[PDB]
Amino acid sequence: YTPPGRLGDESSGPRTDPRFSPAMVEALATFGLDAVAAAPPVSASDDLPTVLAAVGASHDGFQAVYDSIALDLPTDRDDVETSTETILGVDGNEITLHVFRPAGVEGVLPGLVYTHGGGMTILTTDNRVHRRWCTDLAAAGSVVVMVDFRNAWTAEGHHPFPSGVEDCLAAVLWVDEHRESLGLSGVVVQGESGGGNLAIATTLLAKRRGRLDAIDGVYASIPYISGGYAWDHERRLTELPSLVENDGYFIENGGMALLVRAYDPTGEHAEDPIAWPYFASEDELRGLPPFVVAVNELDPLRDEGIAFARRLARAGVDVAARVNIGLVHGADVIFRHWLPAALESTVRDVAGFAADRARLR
């Protein structure tokens, strides 16, 4: 028996692992990401200010991918109107909400609150990749509220845990209060990667504060929830083997451990479930509303999302969980131009789940 990826062969990359489709390799090859991603020169245990500078360069790098890459598909739907709202969060900070809805559709519609990815730490809210995703979901028949929560790293200010989760919780409660004026029949929280982290952590926090009724369901895509990217080789091998299997496929454990450091600079939240929902116990997860957890086959993060979905099921939550074959981390939303069937499948399930939760409220 030969295990896949870099479990079975340590020099495996996008160009030699036979799980990759031609289109996935082609998408990656656009930016030179068809080779194995290199660990950066800083380690996460280095001094904070050096860590944070490397985090800043990570933002630049990933943002230039988002701003530059081809996105368009010929089937894309664009008959969407947009509006913005401002609310205040816990520190008296202004939180922008970006609202998307189908043009010329009266009457109540499923609601989705979107928390975007970037490891809770990097990437701008209002950029073309996030707008496309929100428009896709609105054109399928949703009202979509994209939250601009504070990133842990910005050029003008460090905002470690728990500022973003508080910001996302503020927005969910606001939307819940404004179901009537917004014209919503349900509220689902969705997001990918760091946004999947924030979607689950927001739900856990709402439960702690007695306002679990604000959330009708959670769709956690490719969640980034272990915080385990600096663990030694043997712990990653035995506990979350996808962190060895697919390491360096687009994203890489070294760069992720820098973001972990920016989010929790002391490390006193490492086994706190609001920071890192991989450590939620079953008694904490009891009584949550319905979940989907979707992970991607070729993502180092795959095994932590599957573990979370298995613990939900043990806790008696209605969870359906899926592994999306052939995809690197983020591929359906970032590399959608090369992968129309994968994007179509993700839109259908996120919009459909938001419609199912509203129907059965």
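In case it trips you up, residue 1 is the first one in the sequence shown, and so on.
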Per the PDB record, is the mean Cα temperature factor higher over 284-292 or over 158-166? 158-166
Return whichever of 293-301 and 38-46 has the greater mean Cα B factor according to the PDB record. 38-46
So if I compare the CA B-factors in the entry for 124, 197, 246, 84, which one is the largest? 84
Can you pull the Cα B-factors for 15, 337, 348, 19 from the entry and say which is highest? 15
Select lowest, middle or highest to describe the third in which the CA B-factor of residue 229 falls within its chain in this entry. middle
Ranking every modelled residue in this chain by its Cα temperature factor as given in the entry, which third contains residue 105? highest
Going by the CA temperature factor in the PDB record, which third of the chain does residue 115 belong to: lowest, middle or highest? lowest
Divide the modelled residues of the chain into thirds by Cα B-factor and specify which third, lowest, middle or highest, holds residue 150. middle
Modelled-residue ranking by C-alpha temperature factor, third containing residue 67: middle
